[PDB]
Amino acid sequence: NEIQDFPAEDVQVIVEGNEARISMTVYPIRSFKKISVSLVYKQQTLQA
Amino acid sequence: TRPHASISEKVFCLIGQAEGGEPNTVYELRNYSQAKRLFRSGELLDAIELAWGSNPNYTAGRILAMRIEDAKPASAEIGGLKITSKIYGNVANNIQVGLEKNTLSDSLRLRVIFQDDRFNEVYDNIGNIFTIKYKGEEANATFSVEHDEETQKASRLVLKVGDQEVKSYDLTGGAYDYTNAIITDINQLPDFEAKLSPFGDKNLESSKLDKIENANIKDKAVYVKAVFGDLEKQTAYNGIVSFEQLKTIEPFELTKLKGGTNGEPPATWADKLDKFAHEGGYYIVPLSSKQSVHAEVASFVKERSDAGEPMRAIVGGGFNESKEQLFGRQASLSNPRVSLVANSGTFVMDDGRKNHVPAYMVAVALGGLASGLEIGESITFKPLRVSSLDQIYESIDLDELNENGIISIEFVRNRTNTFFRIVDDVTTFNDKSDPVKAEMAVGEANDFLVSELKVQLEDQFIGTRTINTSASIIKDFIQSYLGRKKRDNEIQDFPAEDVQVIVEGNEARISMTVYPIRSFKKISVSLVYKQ
């Protein structure tokens with residue numbers, strides 16, 4: 540789970556002599572920055 | 012260099041005014057990193073990348089493209105050298121160059137500057153190949169390294185102790201084409217030693233050494249300066265900026308290069324489109340707005356076709372052109388092997404940006420899709436991955452664009468899913484009575500089938516090896532070709548007897564009728580209910 544997922548189709552390799560060049564993509568574990576809460580007060584009667 | 016680790033058959037073509045590379049040259053393109061390296065911005069670069077990111081699976085293959093400009097590079101003159109750079113265009117004005125003098129050993133230094141990219145490489149201790157040191161008891165150790173005054177090139181290395189030559193080493197075409205051969209042979213001397221510099225590998229060809237004139241060694245690490253010869257070694261083969269030769300080399304202050312020019316777009320792009328002719332293309336799309344350039348693409352495709360290498364193109368329609376404009380553009384260029392695009396929208400590009408789309412970018416993305424799809428596969432109903440679409444054509448109005456041969460896109464709302472698919476692969480050739488012209492993939496299979504038939508005839512009978520080549524063997528060979536194309540579903544059938552031949556010599560006339568893999572299109576349902 541250190542990386543969420545990877546697009547295997549978007550990985551490419553090129554080779555020349557004794558050198559390889561590689562491109563890739565990774566989805567990082569996405570972080571969670573902010574929350575905001577609307578708290579509204581209301582009233583309704585208790586009855587007997 | 013240290014060993015370490017570090018962290032389709034149909035060719036597509038494009039043309040635009042790129043912000044990088046050399047003008048008027050065709051480039052083989054394969055990876056967006058290479059694109060980004062060689063080009064910085066411009067609609068060609070967007071077009072290349074969107075073509076690779078055009079469909080959820082399908083993608084353009086190799087791309088052939090050229091920078092359509094009369095541009096120039098930036099440059100400046102000072103001293104015996106002219107400062108030269110690889111950047112064409114008016115952007116080359118931003119290049120900053122200069123030279124300074126080293127405090128350690130009186131050497132030269134180059135700092136190649138481009139602060140808009142935060143580029144700041146340095147080529148350190150330019151010159152100073154090796155030191156001569158002395159250890160004899162005589163008065164002083166003078167030595168010279170003398171130029172040919174007609175060419176300013178070295179001819180000898182001469183050590184003079186007191187005022188007489190102990191031993192010199194002559195560069196006049198002997199064994200001493202290399203400076204390190206002079207090192208080993210100074211070290212053979214009793215009173216002198218020579219030692220190569222530790223500041224990188226500076227082996228230097230002897231014909232590029234420079235002036236020394238009775239410099240004293242006896243209490244100095246006198247370097248053989250070689251200021252010119254090591255400039256070529258370090259600066260020529262690296263970086264963005266290099267020095268060419270027109298006076299003497301001199302230092303000079305921080306200076307911006309001049310002369311960089313982009314140039315205006317020319318009225319005619321046909322001279323620069325012929326550059327793509329022998330290079331093997333198949334699908335090509337323009338980017339400019341004028342119909343003038345589209346008429347040239349349509350001439351190039353027909354000229355290559357009659358040469359023997361048929362091609363196909365697609366044409367865009369700018370921003371929000373309507374029916375009245377489309378029927379005047381299509382009619383003006385109503386030849387086959389051209390398609391006109393009528394719809395534009397929004398593309399969320401791979402670089403994150405949400406661009407409003409000119410229809411030329413849609414024609415690119417459609418071209419890339421068509422190259423990505425297999426031979427004889429139709430672009431019909433395939434997704435194009437447009438984010439949102441700007442269309443004002445309903446069911447009936449789309450049929451008039453289908454009648455007029457103008458490709459268009461339809462948003463399809465499934466029960467709670469929306470996706471954008473192209474309606475049909477109809478070409479600009481309006482008349483429906485020829486399907487090989489009317490329909491893109493029907494013609495693409497025909498072009499392949501004819502080329503490969505010729506490719507085999509180029510051996511079988513174009514060798515004209517004997518007058519024993521009866522027409523009865525010509526009929527057979529044709530049926531052998533048809534049998535193979537029939538066996539792997541490349542044709543639907545062939546008429547098992549109807550091949551006929553006319554022979555007179557090297558000349559032999561051949562006709563054939565073949566049944567294509569015809570394509571289904573239309574359905575109508577009559578639903579009924581009871582109870």
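Those protein sequences? They're chains U and Y, same order as listed.
In terms of the authors' numbering, the first sequence is residues 540 to 587.
In terms of the authors' numbering, the second sequence is residues 12 to 18, 32 to 270, 298 to 582.
Using N, Cα and C, we set each Cβ at its ideal position, and we do this for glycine too.
Checklist entry - Can you check whether the CB of Y/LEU255 is closer than 8 Å to the CB of Y/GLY104? => result Counting from one through the second sequence, the residue named residue 104 of chain Y turns up at place 80. Counting from one through the second sequence, the residue named residue 255 of chain Y turns up at place 231. No.
Item to check | Beta-carbon separation (whole angstroms), Y/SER78 vs Y/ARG404, contact threshold 8 Å | outcome: What you label residue 78 of chain Y is simply residue 54 of the second sequence in a count that begins at 1. What you label residue 404 of chain Y is simply residue 353 of the second sequence in a count that begins at 1. Y/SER78 to Y/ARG404, Cβ: 16 Å. No contact.
Item to check | Per-residue burial, Y/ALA218 [other beta carbons within 10 Å of its own, 16 or more giving buried] | outcome: Here residue 218 of chain Y corresponds to residue number 194 of the second sequence, with the count starting at 1. The C-beta of Y/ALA218 has 16 or more other C-beta atoms within 10 Å across all chains shown, which makes the residue buried.
Next on the checklist: Here's the rule: buried if 16 or more other CB atoms are within 10 angstroms of the residue's CB, otherwise exposed. What is Y/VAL265?
Outcome noted: Walking along the second sequence from the start, residue 265 of chain Y turns up at place 241. Classification for Y/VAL265: buried.
Next on the checklist: Along the chain, where does the alpha helix (DSSP H) containing Y/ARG61 start, and where does it finish?
Outcome noted: For the purposes of this step, residue 61 of chain Y is taken as the residue at position 37 of the second sequence. Start and end: 56–62.
Checklist entry - According to a CB-to-CB cut-off of less than 8 Å, which residues of the segment 543–554 of chain U neighbour chain Y? => result Those residues of the segment 543–554 of chain U that come within reach of chain Y (Cβ to Cβ, closer than 8 Å) are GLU548, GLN551 and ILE553.
Item to check | Minimum length 4: unbroken alpha helix (DSSP H) runs contained in the segment 54–141 of chain Y | outcome: The qualifying runs are 56–62 and 67–76.
Next on the checklist: Out of Y/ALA163, Y/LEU69, Y/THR259 and Y/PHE398, which one is the CA nearest neighbour of Y/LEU38?
Outcome noted: Stepping through the second sequence from its first residue, residue 38 of chain Y is reached at position 14. Nearest of Y/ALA163, Y/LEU69, Y/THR259 and Y/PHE398 to Y/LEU38, Cα basis: Y/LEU69.
Next on the checklist: Does Y/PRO302 come out as helix, strand or coil in the three-state DSSP assignment?
Outcome noted: The residue you call residue 302 of chain Y lines up with position 251 of the second sequence. When secondary structure is reduced to three states using DSSP, Y/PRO302 falls in the coil class, being assigned neither helix nor strand.
Checklist entry - Going straight from the alpha carbon of Y/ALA416 to that of Y/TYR334, what length do you get? => result In the second sequence, counting from the first residue as 1, residue 416 of chain Y sits at position 365. In the second sequence, counting from the first residue as 1, residue 334 of chain Y sits at position 283. Roughly 12 Å separates the two Cα atoms.
Checklist entry - Whose Cβ in chain Y lies nearer than 7 Å to the Cβ of U/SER562? => result For the purposes of this step, residue 562 of chain U is identified with residue 23 of the first sequence, where counting begins at 1. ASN55 and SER57, listed in chain order.
Item to check | Identified DSSP bridge partners for Y/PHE216 | outcome: In the second sequence, residue 216 of chain Y corresponds to position 192, counting from 1. According to DSSP, Y/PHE216 bridges with Y/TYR158.
Item to check | Residue(s) in a DSSP beta bridge with Y/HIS407 | outcome: Position 356 of the second sequence, counted from the first residue, corresponds to residue 407 of chain Y. Looking at the DSSP assignment, Y/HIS407 forms a beta bridge with Y/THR397.
Next on the checklist: Output needed for Y/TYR200: all residues of its chain with C-beta closer than 7 Å, excluding positions within five of it in sequence on either side, in chain order.
Outcome noted: Residue numbering aside, residue 200 of chain Y sits at position 176 when the second sequence is read from its first letter. If we look at Y/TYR200 and ignore the five residues flanking it on each side, its Cβ neighbours are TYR193, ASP194, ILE206 and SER230.
Next on the checklist: I believe Y/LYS96 touches Y/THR299 by the beta-carbon criterion, under 8 Å. Please report the beta-carbon distance rounded to the nearest angstrom.
Outcome noted: Here residue 96 of chain Y is taken as the residue at index 72 of the second sequence, counted from 1. Here residue 299 of chain Y is taken as the residue at index 248 of the second sequence, counted from 1. About 27 Å; that fails the 8 Å criterion.
Next on the checklist: Going by DSSP, what residue range makes up the beta strand (DSSP E) through U/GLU555?
Outcome noted: Here residue 555 of chain U refers to the residue found at position 16 when the first sequence is read from its first residue. Note, U/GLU555: beta strand (DSSP E), 551–555.
Next on the checklist: Closer than 8 Å is the cut-off here; do at least three beta carbon pairs connect the segment 564–580 of chain U with the segment 53–62 of chain Y?
Outcome noted: As far as the Cβ criterion goes, the segment 564–580 of chain U does not touch the segment 53–62 of chain Y, which means the pair count is below three.
Item to check | Of the listed residues U/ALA587, U/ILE561 and U/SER570, nearest to U/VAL552 (C-alpha basis) | outcome: Position 13 of the first sequence holds residue 552 of chain U. A check of alpha carbon separations from U/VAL552 across U/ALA587, U/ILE561 and U/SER570 identifies U/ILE561 as the nearest.
Item to check | CA-to-CA distance, Y/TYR82 to Y/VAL463, given in whole angstroms | outcome: Walking along the second sequence from the start, residue 463 of chain Y turns up at place 412. Walking along the second sequence from the start, residue 82 of chain Y turns up at place 58. C-alpha of Y/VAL463 to C-alpha of Y/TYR82: approximately 20 Å in a straight line.
Checklist entry - With burial defined as no fewer than 16 other Cβ atoms inside 10 Å of the residue's Cβ, what is the status of U/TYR580: buried or exposed? => result Taking the first residue of the first sequence as 1, we reach residue 580 of chain U at position 41. The residue is exposed, with fewer than 16 neighbouring Cβ atoms inside 10 Å.
Checklist entry - Out of curiosity, what's the CA-to-CA distance linking Y/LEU449 and Y/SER459? => result Taking the second sequence and counting its residues from 1, one reaches residue 449 of chain Y at position 398. Taking the second sequence and counting its residues from 1, one reaches residue 459 of chain Y at position 408. Taking the straight line from one Cα to the other gives about 7 Å.
Checklist entry - Can you name the residues that DSSP bridges to Y/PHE462? => result Residue 462 of chain Y sits at position 411 when you count from the first residue of the second sequence. Y/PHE471, per the DSSP bridge assignment.
Checklist entry - For the putative contact between Y/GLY151 and Y/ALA250, defined by C-beta atoms under 8 Å, what is the C-beta separation to the nearest angstrom? => result In the second sequence, counting from the first residue as 1, residue 151 of chain Y sits at position 127. In the second sequence, counting from the first residue as 1, residue 250 of chain Y sits at position 226. Indeed, because the Cβ distance is near 5 Å, the residues count as touching under 8 Å.
Checklist entry - Going by the beta-carbon positions, is the gap between Y/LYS184 and Y/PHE167 smaller than 8 Å? => result Reading the second sequence from its first residue, position 160 is the one you call residue 184 of chain Y. Reading the second sequence from its first residue, position 143 is the one you call residue 167 of chain Y. Result yes, Cβ atoms of Y/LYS184 and Y/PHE167 sit closer than 8 Å.
Item to check | Spatial distance of Y/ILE430 from Y/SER502 (CA atoms) | outcome: Reading the second sequence from its first residue, position 379 is the one you call residue 430 of chain Y. Reading the second sequence from its first residue, position 451 is the one you call residue 502 of chain Y. Straight-line Cα distance between these residues: approximately 22 Å.
Checklist entry - Going by the CB atoms, is the gap between Y/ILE137 and Y/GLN120 shorter than 8 Å? => result Position 96 of the second sequence, counted from the first residue, corresponds to residue 120 of chain Y. Position 113 of the second sequence, counted from the first residue, corresponds to residue 137 of chain Y. Yes.
Next on the checklist: From the DSSP secondary-structure annotation, give me the bridge partner or partners of Y/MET563.
Outcome noted: By one-based count along the second sequence, residue 563 of chain Y stands at place 512. For Y/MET563, the pairing in a beta bridge is given by DSSP as Y/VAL550.
Checklist entry - Is the Cβ-Cβ distance between Y/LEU377 and Y/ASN117 less than 8 Å? => result The sequence position of residue 377 of chain Y within the second sequence is 326, counting from 1. The sequence position of residue 117 of chain Y within the second sequence is 93, counting from 1. No, the pair does not count as a contact, with Cβ atoms beyond the cut-off.
Checklist entry - How close, in whole Å, do the beta carbons of Y/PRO409 and Y/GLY369 come, if the pair is a contact with beta carbons under 8 Å? => result Residue mapping note: residue 409 of chain Y aligns to position 358 of the second sequence, counting from 1. Residue mapping note: residue 369 of chain Y aligns to position 318 of the second sequence, counting from 1. Sure, about 6 Å apart at Cβ, within 8 Å.
Item to check | Every unbroken alpha helix (DSSP H) within the segment 190–268 of chain Y, with a cutoff of 4 residues, ordered by chain | outcome: Complete alpha helix (DSSP H) runs here, min 4: 203–211 and 251–259.
Next on the checklist: Taking the alpha carbon of Y/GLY66 as the reference point, which residue from Y/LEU338, Y/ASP209, Y/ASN497 and Y/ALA489 has its own alpha carbon closest?
Outcome noted: Taking the second sequence and counting its residues from 1, the one referred to as residue 66 of chain Y is at position 42. Considering only alpha carbons, the answer is Y/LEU338.
Checklist entry - In the DSSP assignment, what residue or residues form a beta bridge with Y/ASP498? => result Locating residue 498 of chain Y in the second sequence gives position 447, counting from the first residue. Y/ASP498 pairs with nothing; no bridge assigned.
Item to check | Paired residues, beta bridge with Y/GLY418 - DSSP | outcome: Start at 1 with the first residue of the second sequence, and residue 418 of chain Y comes out as number 367. Answer by DSSP bridge pairing: none, since Y/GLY418 is not bridged.
Next on the checklist: Closest to Y/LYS125 by C-alpha separation, out of Y/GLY113, Y/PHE143 and Y/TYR147, would be which residue?
Outcome noted: Translated into the one-based positions of the second sequence, residue 125 of chain Y becomes position 101. Among Y/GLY113, Y/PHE143 and Y/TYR147, the Cα nearest to that of Y/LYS125 belongs to Y/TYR147.
Checklist entry - Are the CB atoms of Y/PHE398 and Y/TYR247 nearer to each other than 8 Å? => result Sequence index remark: in the second sequence, residue 398 of chain Y carries index 347 (1-based). Sequence index remark: in the second sequence, residue 247 of chain Y carries index 223 (1-based). No, they are not a contact pair.
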